[PDB]
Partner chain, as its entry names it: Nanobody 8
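Before any questions on how it binds or moves, here is one chain, the form solved without its partner chain, in structure tokens.
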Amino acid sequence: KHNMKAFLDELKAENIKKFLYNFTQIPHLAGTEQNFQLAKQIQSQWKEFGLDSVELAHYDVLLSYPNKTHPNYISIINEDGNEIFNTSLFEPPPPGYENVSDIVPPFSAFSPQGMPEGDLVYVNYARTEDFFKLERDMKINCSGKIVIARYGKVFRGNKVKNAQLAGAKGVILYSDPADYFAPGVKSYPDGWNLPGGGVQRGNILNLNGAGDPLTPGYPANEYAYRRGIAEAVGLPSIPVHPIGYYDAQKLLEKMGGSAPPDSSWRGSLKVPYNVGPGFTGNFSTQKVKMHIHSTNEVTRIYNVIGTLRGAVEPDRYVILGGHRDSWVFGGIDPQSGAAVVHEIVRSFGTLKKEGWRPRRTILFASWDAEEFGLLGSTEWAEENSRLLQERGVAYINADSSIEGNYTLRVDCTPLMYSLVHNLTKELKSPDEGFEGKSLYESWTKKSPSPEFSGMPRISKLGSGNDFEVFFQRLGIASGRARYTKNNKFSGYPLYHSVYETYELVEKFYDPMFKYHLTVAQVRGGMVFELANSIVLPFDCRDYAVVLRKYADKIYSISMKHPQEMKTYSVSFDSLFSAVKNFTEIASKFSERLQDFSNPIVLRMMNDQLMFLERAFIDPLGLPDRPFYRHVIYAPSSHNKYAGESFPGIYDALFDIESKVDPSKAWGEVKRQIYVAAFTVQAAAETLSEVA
């Protein structure tokens, strides 16, 4: 038979291993010839694997690169202008790769050029609350200072935005061993820890979903009109550069000024973690100078798009997508994901060559330039938005399959919760001690739901990956699954470093490729069910449950301000009424879904299921973030990686006690309650009987 079990059994750990090795021998930086060659290879292989059509979709987008003959670095400079200490120009390359060319040195993509010189202020993780602590409590002024921040906790672009708005003239990002060095494990190449010369690359944009900074709204095709750089979306206005903890110790060790306010501001280096500004007495005339010469350049990128035409509903699309571009070798990020996609395509192709086709169309995507701001996925979705709007059933992401080997991590829409529970109960756990048990059992044991006994944790989608345009802009039900560590937004120690290699994975993460295989079964099984189940495998009742949880949560935030809610008559009654109505109507829809040979009622009902995520989209977008249109979820305004629920109301309430016109601030809270209550009711009504 051709069923899910046939599909799953065809997946092989050994193939995933072969593909990972093949994808990680040379760097595949977006916009480089090597990454174009890999795109062509993937295209050719997906054709040989059996897909109906496999095309490259190219765009010309703004990318950023260091200048090869004018390198970026940071100095401590004495009063005579002698540079007495310089940060490294590159990470010491790993064993056997010391002769690999075209390793991009560490840099912060999209940093402007500049050579700012000044006094350092240490700002912990550079979070919103860290700047509150500095400015409001400690009375430390960052204006005209160079800020030094440790990576971790929030997306690095939010750190830069926070430093910019604090008046900083430059930002230095570094990896503290508190966050990037697990006690009792060896540094690469002898274990999976970050050495002191390791450095995390990464872009520092604040795109808010825009895609290519020059073409918001429209694909960056051959005739596209581009904004000038001054009007580009999301570029930082101050220079930024990342360094490792050997170099960071040299910058931090001389810091004076005020003591850290408490222990949560202290990392693991042998320094005081003084906040500054500037250095202690003897070194007080020394300064820090950045030298940043990177350039932004419009550059061609290439997505690979593979189609497996559906037998019955070819106009309904289930999409499996993940990126292909990497910072250097991409041993984990993204090739551990891309190798799993490659094997999934191979398995679907094997069934196809035997005469099988999925009920609905499956689209497979190898996205480019994800590392530079989700550019490949976003441009393609901008080009194809009308098709995706009207035909998109679901999107399953496929970045790194493993970021650890402890347990599964799933983030998805509530519409997929039941699908994920049912699928994981039918898969074998790969975990030591759970042989013969289900993946559901091991996952639930290791990552219990905080809400429900005997259920696993499933998180909200935020952003920082290629599902963003599909979910937050277009409102297509989306999900992701990967293996993870026991720091959830910080990344694993070797993230975006030259040390993320095939050997890292094969030696230290997954030598038997069993975790990769389990992730292939989860991602692949989800796509199989979404593309093949007669009734789409979405349970609207699961959205009703979470909407009540999110309403309770946002009401509880507001109720920290009872006097103001009395004064401005701030009521959540409409939102609770909408949620109650959604619960009622969803329950009745579920009964009809169980209770109907009629393909029109089926498809009418499948259309109701498919357009339910779509109904949470507001065509006017969220305030000042027009590309985040989903009213229930958006990436947190303080941390792109985290999802926030009822984001319009959440941001209206955030730090509201600081606003100088409380009448206006609370009016905007009420406006957001109305928009949310209306959207929930309108989504509910899409599930009512149609006439």
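Numbering follows the first chain given and starts at 1.
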Extent of unmodelled deposited sequence, residue 487 relative to residue 486: 1 to 3
Can you count the deposited residues that have no coordinates between residue 596 and residue 597 and report it as none, 1 to 3, 4 to 9, or 10 or more? 1 to 3
Tell me which stretch, 354 to 362 or 298 to 306, has the higher mean Cα B-factor listed in the entry. 354 to 362
Given 469 to 477 and 100 to 108, the range whose Cα B-factors average higher in the PDB entry: 100 to 108
Scanning 320, 519, 142, 547 for peak Cα temperature factor in the entry gives 142
Criterion, highest CA B-factor; candidates, 528, 538, 218, 452: 452
Looking at the temperature factor on the CA atom of residue 690, which third of the chain's modelled residues does it land in? middle
Where does the C-alpha B-factor of residue 616 rank in its chain, lowest, middle or highest third? lowest
Based on the deposited C-alpha B factors for this chain, I'd like to know if residue 655 is in the lowest, middle or highest third. middle
Using the B-factor values recorded in the entry, state whether the Cα atom of residue 176 falls in the lowest, middle or highest third among the modelled residues of its chain. middle
Should residue 201 be placed in the lowest, middle or highest third of its chain by the C-alpha B factor in the entry? lowest
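The discussion below concerns the form deposited with its partner chain bound, not included here.
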At 4.5 Å between heavy atoms, only one of the stretches 202 to 210, 81 to 89, 508 to 516, 418 to 426 reaches its partner chain in the bound PDB entry; which one is it? 81 to 89
Exactly one of 132, 406, 434, 283 comes within 4.5 Å of its partner chain in the bound PDB entry through a heavy atom, and that residue is 283
Considering non-hydrogen atoms and a 4.5 Å limit, which listed residue (499, 528, 327, 467) is close to its partner chain in the bound PDB entry? 499
Heavy atom of residue 246 within 4.5 Å of its partner chain in the bound PDB entry: yes
Consider residue 116 of the chain shown here, and say whether it contacts its partner chain in the bound PDB entry, taking contact as heavy atoms within 4.5 Å. no
Can residue 352 be called a contact residue for its partner chain in the bound PDB entry at 4.5 Å between heavy atoms? no
4.5 Å heavy atom contact, residue 254 and its partner chain in the bound PDB entry: yes
In the bound PDB entry, residues of 210 to 236 near its partner chain [heavy atom within 4.5 Å]: none
